[PDB]
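Quick notes on the structure that follows.
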């Protein structure tokens with residue numbers, strides 16, 4: 001049926017304004033459906049932000065109704081969220097969602113985009129190889150010193166999907182995130198197979214393909 | 001505003017077990033309650049709708065019951081793919097409100113880690129920092145002890161750990177430990193070791209290297 | 001050959017060698033017309049049909065509600081208010097409720113309370129208009145036995176039609192489509208693939224939420240309250256709950272209404288009635304007094320009695336001298352062979368020049384004993400027949 | 001302090017220094033008991049509840065059908081038959097239909113016709129039994145003003176309960192759970208999360224398809240015909256169509272039945288009635304004729320009139336000589352200060368030894384003008400009050 005994708009800056013100045021857009025495909029946004037914004041601070045639970053019908057009619061969470069505005073653009077088939085006067089309490093993963101037509105709760109969700117609230121600026125990552133060294142072998146990539154989160158990392162343009170572990174990023178004293186992505190392969194294949202990791206950091210618009218060799 | 005309280009907060013159960021998650025509402029919601037499954041990294045997916053109604057594309061081992069103020073999500077036969085964190089949502093009264101969520105983990109036969117170790121790359125050394133990486137692959141349970149040893153000097157306060165989320169097929173966890181040193185202090189030493197203690201190990205496993213080899 | 005099995009069968013006799021005869025055509029019924037020196041004919045009203053029907057009004061009969069909000073005011077503190085009160089996606093209700101120190105007010109009396117809830121219609125029924133421009137009666141004509164069959168279309172805007180019948184010439188129809196059934200006090204209601212003709216006032220009086228016409232985007236539902244009951248008003252809130260689906264209720268309320276069906280986009284009715292004038296001057300027996308059939312017939316079936324006392328027979332003919340005039344009569348005395356009773360299938364004819372052709376005859380026996388006689392001379396067939404009247 | 005805002009409030013006066021007083025406890029109502037040399041008390045029937053209810057019978061009110069098959073027989077050729085005729089997943093109907101040469105039979109008469117169709121229930125309602133072993137009345141007791164509040168559980172199998180009230184001692188309850196409401200002629204019916212108490216015979220007479228108890232695998236539906244109508248019998252087939260959902264119909268048929276609600280697995284009723292005997296020998300004013308409060312009070316609110324003519328006041332006290340006996344009365348003449356009217360909240364007491372504590376009093380003013388007086392001597396408070404009776 002329908003697919004939802006969020007987009008917006010992943011970084012917002014304290015007291016600044018968060019702006020996000022949800023692009024709907026596969027179906028019109030003018031169907032008999034309510035469209036919601038939901039959010040989730042990392043490692044915490046879900047909080048319903050707000051709601052709009054294609055007539056423009058809105059319903060906002062009272063805890064934050066004074067700061068949200070939600071709107072619709074039938075022209076581009078999407079809808080938007082403005083959240084003003086942000087604090088660190090607005091740091092969260094944001095989802096756009098749809099209700100079904102029997103008013104039933106969220107029947108479709110977007111991928112979710114992380115938005116951080118910080119006076120720090122964004123920094124692109126550096127990628128380093130984690131080479132294998134003379140049954141099964143292990144290797145990886147070190148994605149170091151970036152901000153804000155996240156980074157995504159695939160292998161061989163997505164074609165190595167198995168035995169892969171991308172660890173959650175840790176925060177360092179530098180206030181920069183570091184992360185490692187890892188994979189186990191046959192040892193026998195080490196010399197007879199090219200292994201590249203594709204590191205993606207959207208706030209910095211960074212894209213790095215790194216070859217991991219013995 | 002109606003408060004939704006889930007119990008328990010977290011829960012460890014073996015494959016095949018019967019798992020019961022409870023949800024309570026501060027006011028009457030009738031049966032306008034939904035259950036959602038949130039796998040890590042992904043958006044939550046609707047499991048159930050009007051307190052009872054099993055949704056399409058969802059195995060029949062999930063079931064919902066209750067009304068008024070007391071509700072229950074039962075998963076009849078636990079599965080590895082059921083490792084997740086489950087939410088209840090009331091939509092009887094504006095504003096709709098979620099429960100704190102209930103994390104469901106899995107118990108399995110215990111398995112030992114595959115330990116690996118990675119020296120700094122010369123490429124990274126070029127920029128004045130050295131990251132040594134120890135890796136513990138596919139083990140259970142979560143508890144593990146990684147100690148760093150530079151020339152047999154027990155290291156502390158200069159490393160960081162990270163753990164993967166529970167695998168949804170083999171129910172395992174994986175761990176990364178990163179020792180960070182200034183390039184200078186990295187050259188000042190020669191033997192870099194990583195010692196791993198796990199209940200699945202009959203004795204600590206040490207993986208190590210000597211600089212430039 | 002048609003009409004024989006039909007329960008609702010009329011028999012209309014002509015007049016002299018007269019031009020016209022009047023008939024009443026009902027649905028699922030048949031009229032057998034007989035005139036002297038005329039081939040017997042069968043008229044049947046097969047299908048009444050209505051195309052291009054315009055949606056007059058829709059009624060919601062199943063809905064759901066969620067996300068209710070309430071506003072309450074203390075005594076002497078005004079009228080309660082919500083933004084959604086005038087929002088067309090919501091259904092609301094104002095009421096009064098007891099207030100005092102116990103629930104936030106500084107004085108003991110009635111307070112204003114409004115409750116609104118999102119409203120969504122699950123299922124609806126639709127009433128469409130019926131204009132005589134799209135009404136169309138289908139009539140089938142079949143010679144009594146044997162392009163000996165025609166189908167004509169009588170409309171209120173063309174109640175006159177002519178139908179040719181091969182070597183029998185042609186028949187003419189002048190019908191009164193006005194006195195058929197009154198469709199200016201009727202709507203075509205559809206509800207979950209069930210279809211009725213209902214009366215306009217009754218349809219307008221239906222106390223369900225409604226909208227006119229089915230426009231795009233979002234239908235604006237009037238009278239949403241009709242599917243939603245408010246209960247148990249507390250100081251700060253009020254419980255809202257949908258009634259059930261009112262489908263079965265409507266169906267019950269339609270127990271004795273004209274039932275219709277759908278076909279593509281076109282409605283098909285079965286409450287048939289049609290006055291008609293049959294013009295029969297251009298109708299003719301195949302105009303040749305043929306030679307009588309010389310060879311011998313045989314019964315392919317034992318002669319059977321129709322619901323109306325008449326008798327159907329079917330014979331196989333062994334001659335190649337076709338086309339030839341079938342010798343068929345009934346007789347009590349097998350010596351004088353005095354013709355008794357008559358033939359519904361008047362002046363039967365073998366038209367095929369190949370042997371072993373089949374022919375059906377419908378005879379109208381007298382009461383008591385009699386003999387069905389078919390053939391000439393020695394090889395002629397006889398069959399004993401009793402008609403006990405009832 | 002409770003009961004003040006309650007519309008259904010009774011006032012029961014004690015007798016001498018007598019042991020007992022009889023009360024009638026209704027749902028959403030409250031009883032204020034006053035006895036001389038007793039602290040005034042409040043009794044409230046809060047919730048009637050029923051757990052562990054047993055499914056007696058379920059009725060299907062929405063179904064669907066598909067995959068119909070028919071068998072027809074010629075006249076004199078027996079009874080029509082299908083395998084699925086006795087298959088519990090099917091609903092059938094036998095009838096007669098006109099047959100003749102036109103549709104395969106060699107003789108004109110009634111033929112046997114059976115039509116079966118797969119049957120599936122979409123939605124059902126369930127009637128459960130109510131046994132007094134799982135019935136449970138929840139009663140709340142609250143001292144009139146101030162562990163001064165208790166909640167007790169009266170069951171038909173334990174109609175006697177005692178409740179302690181801190182320094183006020185204890186009260187005793189002997190209720191008649193029999194004369195409460197009759198549940199031997201009642202079922203707990205649930206239908207799409209709506210709940211009623213209905214009469215047994217009415218429930219049994221409900222003409223919908225039914226099964227007893229909700230056993231596993233496949234429920235066997237009796238009387239499927241009730242949700243399915245057969246129409247327009249042709250020679251070889253017959254059209255089957257479901258009625259609508261009979262949900263709204265049932266809801267309409269339940270317009271005036273006792274409405275209940277659900278909570279977890281436990282039913283919660285609101286048709287409360289309970290005769291009770293209040294034992295008050297062990298009940299006591301905090302047994303100390305305290306010193307009168309010396310410091311000065313102030314009104315935290317303007318005194319308000321309850322629905323019952325009485326007046327609630329709330330005062331803040333500025334002394335630390337607590338616990339102390341509150342000086343409170345009403346007077347017409349401010350010279351003699353003759354006590355008029357009375358106190359619902361009898362012998363009020365400041366129990367907190369910290370200044371700026373709050374206290375609610377409920378007074379019962381005389382008609383016409385009067386003065387609410389609270390305090391001692393110079394700093395005592397007065398407040399003008401008129402009681403126009405109605």
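Chains as they are written, first to last, in the deposited numbering: chain H, 1 to 134, 140 to 219; chain L, 1 to 213; chain A, 1 to 146, 162 to 405; chain A', 1 to 146, 162 to 405. A prime marks a further copy of an entry chain.
The beta carbon of each residue, even a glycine, is placed where N, CA and C say it ideally should be.
At the level of alpha carbons, what is the spacing between residue i and residue j?
i	j	result
residue 124 of chain A	residue 207 of chain A	8 Å
residue 67 of chain H	residue 108 of chain H	25 Å
residue 62 of chain A'	residue 2 of chain A'	46 Å
residue 6 of chain H	residue 136 of chain A'	53 Å
residue 259 of chain A'	residue 111 of chain A	41 Å
residue 275 of chain A'	residue 66 of chain L	15 Å
residue 21 of chain H	residue 121 of chain H	22 Å
residue 349 of chain A	residue 37 of chain A	27 Å
residue 388 of chain A	residue 11 of chain A	24 Å
residue 236 of chain A'	residue 201 of chain A	39 Å
residue 205 of chain H	residue 78 of chain A	58 Å
Beta-carbon of residue i versus every beta-carbon of chain A: anything under 7 Å?
i	result
residue 262 of chain A'	yes
residue 198 of chain L	no
residue 398 of chain A'	no
Any beta carbon of chain L sitting closer than 7 Å to that of residue i?
i	result
residue 278 of chain A'	yes
residue 208 of chain A'	yes
residue 130 of chain H	yes
residue 250 of chain A	no
Which chain H residues sit within Cβ distance under 9 Å of residue i?
i	result
residue 65 of chain A	103
Is residue i a contact residue of the ligand SAH, with contact defined as CB to any heavy atom under 6 Å?
i	result
residue 58 of chain A	Absent from the structure shown: the ligand SAH. Ligands present: none.
Under 7 Å between beta-carbons, which chain A residues line up against residue i? List them in chain order, please.
i	result
residue 17 of chain L	Within chain A, no residue comes near residue 17 of chain L; the closest Cβ sits about 34 Å away, beyond 7 Å.
residue 258 of chain A'	263 and 266
residue 4 of chain A'	100, 101 and 102
With 7 Å as the threshold, decide whether the Cβ of residue i is near any Cβ in chain H.
i	result
residue 89 of chain A	yes
residue 133 of chain L	yes
Please list, in chain order, the chain A residues whose beta carbon lies closer than 8 Å to that of residue i.
i	result
residue 32 of chain H	120 and 233
Listing by chain order, which chain L residues have their CB less than 7 Å from the CB of residue i?
i	result
residue 95 of chain H	43
residue 69 of chain A	94
Is there at least one Cβ from chain D nearer than 7 Å to residue i's Cβ?
i	result
residue 30 of chain L	Absent from the structure is chain D; the protein chains it does hold are H, L, A and A'.
For residue i, which residues in chain L fall below 8 Å Cβ to Cβ?
i	result
residue 107 of chain H	46
residue 47 of chain H	98
Taking 7 Å as the CB-CB limit, is residue i close to chain A'?
i	result
residue 102 of chain A	yes
Starting from the beta carbon of residue i, find every residue of chain A' whose beta carbon is closer than 7 Å, and list them in chain order.
i	result
residue 7 of chain A	98
Interface residues of chain A around residue i at Cβ under 9 Å?
i	result
residue 359 of chain A'	Those do not exist, as residue 359 of chain A' stays about 14 Å from chain A at its closest Cβ, beyond 9 Å.
Interfacial residues, the region 107-126 of chain A to chain A', with Cβ spacing under 7 Å: 107 and 108
Near-chain A residues of the region 90-113 of chain L - C-beta to any C-beta below 9 Å: 91, 92, 93, 94, 95 and 96
Short-range partners of chain A found in the region 313-326 of chain A', where Cβ spacing is below 7 Å: 316, 319, 320, 321 and 322
Contact list for the region 51-64 of chain H against chain L, Cβ threshold 9 Å: 51, 59, 60, 61, 62 and 63
Chain L contacts made by the region 168-180 of chain H, where a contact means CB separation under 7 Å: 170, 172, 173 and 175
Contact between the region 245-257 of chain A' and the region 70-85 of chain A' (3+ Cβ pairs under 8 Å): yes
Cβ contact check for the region 52-67 of chain A and the region 215-232 of chain A: 3 or more pairs under 8 Å: yes
The region 42-56 of chain A touching the region 136-145 of chain A, judged by at least three CB pairs closer than 8 Å: yes
Sufficient close CB pairs (3 or more, under 8 Å) joining the region 180-191 of chain A' to the region 86-97 of chain A': no
Chain A' contacts from the region 60-94 of chain L (Cβ-Cβ distance under 9 Å): 65, 66, 67, 68, 69, 70, 71 and 72
Three or more C-beta pairs below 8 Å linking the region 286-302 of chain A and the region 195-205 of chain A: yes
Three or more C-beta pairs below 8 Å linking the region 3-18 of chain A and the region 320-327 of chain A: yes
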